[PDB]
Amino acid sequence: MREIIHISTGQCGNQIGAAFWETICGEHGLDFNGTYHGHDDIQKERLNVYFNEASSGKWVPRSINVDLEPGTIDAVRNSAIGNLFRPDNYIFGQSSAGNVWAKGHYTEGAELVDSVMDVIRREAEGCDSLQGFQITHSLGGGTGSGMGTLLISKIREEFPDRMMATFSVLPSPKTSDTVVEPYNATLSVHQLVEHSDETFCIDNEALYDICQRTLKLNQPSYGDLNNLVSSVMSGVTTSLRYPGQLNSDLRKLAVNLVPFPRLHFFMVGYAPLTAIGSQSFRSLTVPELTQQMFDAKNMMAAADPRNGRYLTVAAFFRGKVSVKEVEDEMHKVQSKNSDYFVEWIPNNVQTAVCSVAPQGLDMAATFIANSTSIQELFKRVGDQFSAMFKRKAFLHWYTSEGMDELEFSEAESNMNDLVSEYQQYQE
Amino acid sequence: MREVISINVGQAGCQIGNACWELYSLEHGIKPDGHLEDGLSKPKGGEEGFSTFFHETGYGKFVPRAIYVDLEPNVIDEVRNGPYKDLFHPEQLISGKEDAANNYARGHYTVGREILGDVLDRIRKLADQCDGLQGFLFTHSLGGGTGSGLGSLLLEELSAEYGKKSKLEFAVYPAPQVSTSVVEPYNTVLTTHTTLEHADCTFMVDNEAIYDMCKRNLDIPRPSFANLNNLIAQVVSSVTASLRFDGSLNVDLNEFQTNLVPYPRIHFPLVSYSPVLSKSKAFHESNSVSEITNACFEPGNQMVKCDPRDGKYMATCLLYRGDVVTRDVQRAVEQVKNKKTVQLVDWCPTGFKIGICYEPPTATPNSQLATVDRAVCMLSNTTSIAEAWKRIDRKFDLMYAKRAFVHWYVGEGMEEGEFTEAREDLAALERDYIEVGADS
Amino acid sequence: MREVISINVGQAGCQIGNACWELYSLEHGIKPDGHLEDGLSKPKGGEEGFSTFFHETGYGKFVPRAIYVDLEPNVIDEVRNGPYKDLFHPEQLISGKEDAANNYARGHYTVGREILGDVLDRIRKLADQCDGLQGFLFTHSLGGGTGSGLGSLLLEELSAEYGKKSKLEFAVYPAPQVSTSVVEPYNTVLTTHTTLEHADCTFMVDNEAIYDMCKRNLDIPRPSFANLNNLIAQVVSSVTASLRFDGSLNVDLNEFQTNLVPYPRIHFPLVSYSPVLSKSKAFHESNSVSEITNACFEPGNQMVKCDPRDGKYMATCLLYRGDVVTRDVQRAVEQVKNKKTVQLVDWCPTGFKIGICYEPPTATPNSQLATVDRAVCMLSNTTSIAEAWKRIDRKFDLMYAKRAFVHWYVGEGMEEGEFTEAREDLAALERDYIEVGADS
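In structure tokens, the structure reads:
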């Protein structure tokens, strides 16, 4: 019960999935021409999770990438490693979803998705130990928010016993690429909360801030950000695919980290956040990774942690680590950071140990937690709606297809309910 | 009434078992693959025992009789890819392939009992393989839900099938300071009722105390789980001291429940092992049994985060290995009584079970415990863990105010009545703990 | 009533202890690492003693039973990185890690007593290790605040725990000419009251007199602290002369307080050692015990910057080692009485305790003291240090006019009442010093 099928959709989702693919093929070791490079055994049975054995000792991915623009796959098969992708994995159409929610999946997005569901079924009986479903998409993007939720609907319909993992990128409330980006984001979360079991809060501006703070990056490139998020995504499952003291699974995240399926929003933090030029001057140890974990400028929600409080926090450690260091540092943080932990657990902690070291580093970890700071982003988006959308400007583009104000009022009620849940559970 | 069957559940229990069979191979002279290499004694089997834990193959091989049940195949693969493959029968290694929780969410429910039939059939076949049956050994972690759930299910199953064999459970308790996962207290207490109704003798071990003694006594800056496994492996294998080696006054397994447990009531004795010293401190200490007993009475060596000297006296057993003198130990215990220790009860009124074993104490080369000419294993059903369950129960009350988990717990089929019943059972157990010493 | 436990506090006390155990290894034939190398006698243990200061390990090793308590880790590291590591148990070396003063500002207050619990537990365990307990040896410097404060705290603690054992304190007093640091008189006198209320026998040693005799008797242009440590090491180890070696008339530790101290009053005898000569002056001197006693009566050899001949007589003890004749020493003491020395009291009225020891006097190779066939250690509770405390008290009055330190002293929790009480206690002690000789 380990195999994972990686679903990719949206403009940003394709890049994130591709970068995740190069990170995977580099962390376990596999050249693009079909040459075995695992060392020695543990890197062979665990690659069945993402790849399947083809003829002549060839390994090919089991991943359905879907997008209405076919220009991204050209920059995948001829670019860096995507040559393993079988031609049937390319499900693309013409020409775009319109960068909106009314045309994303309501009328035209429901045509080829039947074939998508059929190929998902055929991969399902082609798979033996299907475990989870990984989706990468954009919350405000037309394609990702458009058919992503409807794919979630089908994957719930056909698999009532399989949980769903979503990693949508949340647009910042201060950057507006288009006037209807938060509109599409909220029209997507209208069904995301009713169809998903857990999700991660990803903000590009937080990535820019961490690049200009620690990385000192001069050129704003989405490739480095994809590399970082893909390293985080690999790290959250290294515990499952590499045994340790306590292996962690997505269902274990649902049981422990999630307080109830209604509240499933998480902020992501990664460590170590070091760049070239500081590698010969730091000692990479568990305590340093810990102060980098609870540092207020290291998560990518991105909100303020010490102005609110946490509800439950988790640690997913990687590499050769002793049991005493991590628990001693956890005693230290529980002693000094006791005020911001909830007074009913009372020890907000979930630990997981990974054996192999991260690629390009020695010791690393990921941060998953629940705080009361996401309701601030929700009320910011709601206030943006209550300000801009009361004029009913450019709103006919969606009501032309049969949209009613009842759906928007229900979404506002949903975000009010989410805020109230974030206040139960007071800040 | 000859053989003892050991079952390990959970990753921690599997590690403890691996360590303990490594030791068993060490003192009894079995190579890490078996057959032989070579046989030593006289007495190690023949004459019996063995066989007591290792099956005596007709070809001359030695096969441990253990069943590895777990739903996480990684532990079974780690056992099978190492030197342990030549010790365990292929059918005895029950490898699981279903992972949905770790594990008490579904372990103690209908999800586990369609596999329990095969486990019961296998253990019945193994019992029919050997001549007679004496008792069972349990090694599971109450933190990991796999151990709690599956071990408890096996407990009721094998209490139903025989109901006449001794039940020894070495359960790893979650650290009372902090818990590695939040659901561990549920995994412990929702099975404490089954343990109360379906156990004969339970041993409590705490990882925090082992780490404390590793930091202090062993002077190890970074203790490892392997060191804990080795230490509790000697603790288990010295019980289990006269059952495999000759002694002037051997101790029987039934004797423990005849003397320590005179009621249908509390049967949960503590354990302690001493002396505990490193290889560098063996050039300065040659103490007698009195100081070893004093170290046993120390809270740090009791494997419980409490004060055993603040409790009330209960019947205890003293097991001695190596070169010991009965007059010396009588003098030591009389001095301990003179120091006005834990309040003696009027029902025994003073009972000190003394066990003498000829074999010298043994230590693991993988551990930093120096070999000593005399060691003490002390077993006592002291009421000093009552405040430990009280602290766990206060945690229970504070995290049961919101109940925090009843969503999934009810969704799978349970309800708050079971939690309330476990709460009142724990309260009754604490009240009995107070009363059994308050009567005197 | 068999073993003596020694505790050293402060850097000076640790150096003195290091020197004294180096000697103890020298005469009793223990190599600088122990075990053995080899055993000598017959009598050195067995028969007892030892064990008197060195623990008799079952393996045959010899382990000094001392506790090194200090808040400055540098001294403990210096002890642990040398040959002393094989003599002291790792748990007996209490290394401190907190440095905020040196040390009486916080030593004699709440800062020190959260560590004193561990020290008391360790010394109780060590006492339980051995059979019986006779007395305690103290080596601390009244100049360094660590010695004063921690030693006094241990004094009240161990006077409370037993209250029946002899208390011997070798306290290093600050030089009466100049003080190395200004706070040393406080460190001395604020604990003089605790010493008065919680001591049985205190020995006064002055570094200035040792330096004076090193410059004059030893002809050393640059005396070192090591030479002082070695000299007072022989002084201590000759007391402590018949307790480890055979003698015609052995002297008991209780005898000192039976004869020298007939009251609940002054119990602070002086000490003196002689002959004191270099390796180049051993080719011209073969004097008898009379001149050695005369050298003992000299102010320079009394380890006090005062005139012992200007005081009044008090009961004294004379300890003799090597080849001595009772008729010779009786003639010598009768001559001393004939010379009209310090005014004899009418209460004894004339008591000369004579101790004879068979073992020859011993000297340190690190020191320039030549080995002699006969030596004298003289103990007397003469009232001649009264003007020494008077000079210290005049210093106290002049630096208490402004009080100079009461800012911090009150800020940590004290007040001028304690200083006034210590002042009047010292005045009462001086008045008793005058009166005990004025009564006769």
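The listed protein sequences derive, respectively, from chains A, B and C.
Just so you know, our numbering puts 52 at position 45 of the first sequence, and the rest follows in order with no gaps.
Just so you know, our numbering puts 93 at position 89 of the second sequence, and the rest follows in order with no gaps.
Just so you know, our numbering puts 180 at position 176 of the third sequence, and the rest follows in order with no gaps.
Each residue gets a CB set at the ideal place from its N, CA and C atoms; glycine is no exception.
For residue i versus residue j, is the C-beta spacing smaller than 9 Å?
i                : j                : result
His59 (chain B)  : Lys48 (chain B)  : no
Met274 (chain A) : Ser380 (chain A) : yes
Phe174 (chain B) : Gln252 (chain A) : no
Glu160 (chain B) : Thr198 (chain B) : yes
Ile127 (chain B) : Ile11 (chain B)  : yes
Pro266 (chain A) : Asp204 (chain A) : no
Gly147 (chain C) : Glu212 (chain C) : no
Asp397 (chain B) : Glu439 (chain B) : no
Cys352 (chain C) : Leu323 (chain C) : no
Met170 (chain A) : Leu257 (chain A) : yes
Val426 (chain A) : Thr193 (chain A) : no
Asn233 (chain C) : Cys24 (chain C)  : yes
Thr185 (chain A) : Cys19 (chain A)  : no
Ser183 (chain A) : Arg9 (chain A)   : no
Return the CA-CA distance between residue i and residue j, expressed in angstroms with no decimal places.
i                : j                : result
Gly315 (chain B) : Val83 (chain C)  : 41 Å
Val349 (chain B) : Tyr317 (chain B) : 6 Å
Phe374 (chain A) : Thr297 (chain A) : 10 Å
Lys394 (chain C) : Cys310 (chain C) : 11 Å
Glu425 (chain B) : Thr184 (chain B) : 25 Å
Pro167 (chain A) : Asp125 (chain A) : 17 Å
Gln238 (chain B) : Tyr28 (chain B)  : 9 Å
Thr375 (chain C) : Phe423 (chain C) : 47 Å
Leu257 (chain B) : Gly121 (chain B) : 29 Å
Show which residues of chain C have a CB atom less than 7 Å away from the CB atom of residue i.
i                : result
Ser290 (chain B) : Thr61, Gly62 and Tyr63
Since residue i meets chain B, which of its residues come closer than 7 Å, beta carbon to beta carbon?
i                : result
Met8 (chain A)   : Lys101, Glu102 and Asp103
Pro94 (chain C)  : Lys285
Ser329 (chain A) : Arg226 and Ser228
Which word fits residue i, buried or exposed, when buried means at least 16 other C-beta atoms lie within 10 angstroms of its C-beta?
i                : result
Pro178 (chain C) : buried
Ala105 (chain B) : buried
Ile236 (chain C) : buried
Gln306 (chain B) : buried
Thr150 (chain B) : buried
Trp108 (chain A) : buried
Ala282 (chain A) : exposed
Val196 (chain A) : buried
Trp28 (chain A)  : buried
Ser242 (chain B) : buried
Please list the partners that residue i has in chain B, where partner means a Cβ-to-Cβ separation under 8 Å.
i                : result
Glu332 (chain A) : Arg226
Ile352 (chain A) : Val186, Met403 and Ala408
Residues of chain A with CB closer than 9 Å to the CB of residue i, please, in chain order.
i                : result
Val182 (chain B) : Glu334, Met337, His338, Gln341, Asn354 and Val356
Starting from the beta carbon of residue i, find every residue of chain A whose beta carbon is closer than 8 Å, and list them in chain order.
i                : result
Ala245 (chain B) : Per Cβ cutoff of 8 Å: no residues; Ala245 (chain B) is ~29 Å from chain A at best.
Report the neighbours of residue i on chain A: residues whose CB is nearer than 7 Å to its CB, in chain order.
i                : result
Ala109 (chain B) : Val262
(request) May I ask you to list, following chain order, the residues of the region 410 to 425 of chain B that have a beta carbon less than 9 Å from some beta carbon of chain A? (result) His411 and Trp412
(request) Return the residues of the region 67 to 89 of chain C that lie within a Cβ-Cβ distance of less than 7 Å from chain B, sorted by chain order. (result) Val67
(message) If the cut-off is 8 Å on Cβ atoms, which residues from the region 126 to 140 of chain C count as contacting chain B, listed in chain order?
(response) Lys129, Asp132 and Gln133
(message) Short of 7 Å Cβ to Cβ, which residues in the region 202 to 228 of chain B face chain A?
(response) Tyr215, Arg226, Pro227 and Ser228
(message) Tell me which residues of the region 294 to 319 of chain B have at least one Cβ-Cβ distance to chain C shorter than 8 Å, keeping chain order.
(response) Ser294, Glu295 and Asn298
(request) May I ask you to list, following chain order, the residues of the region 99 to 111 of chain A that have a beta carbon less than 8 Å from some beta carbon of chain B? (result) none
(request) May I ask you to list, following chain order, the residues of the region 255 to 268 of chain A that have a beta carbon less than 7 Å from some beta carbon of chain B? (result) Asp256, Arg258, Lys259, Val262, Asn263 and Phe267
(request) Would you list, in chain order, the members of the region 223 to 251 of chain A that have their beta-carbon closer than 8 Å to a beta-carbon of chain B? (result) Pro250
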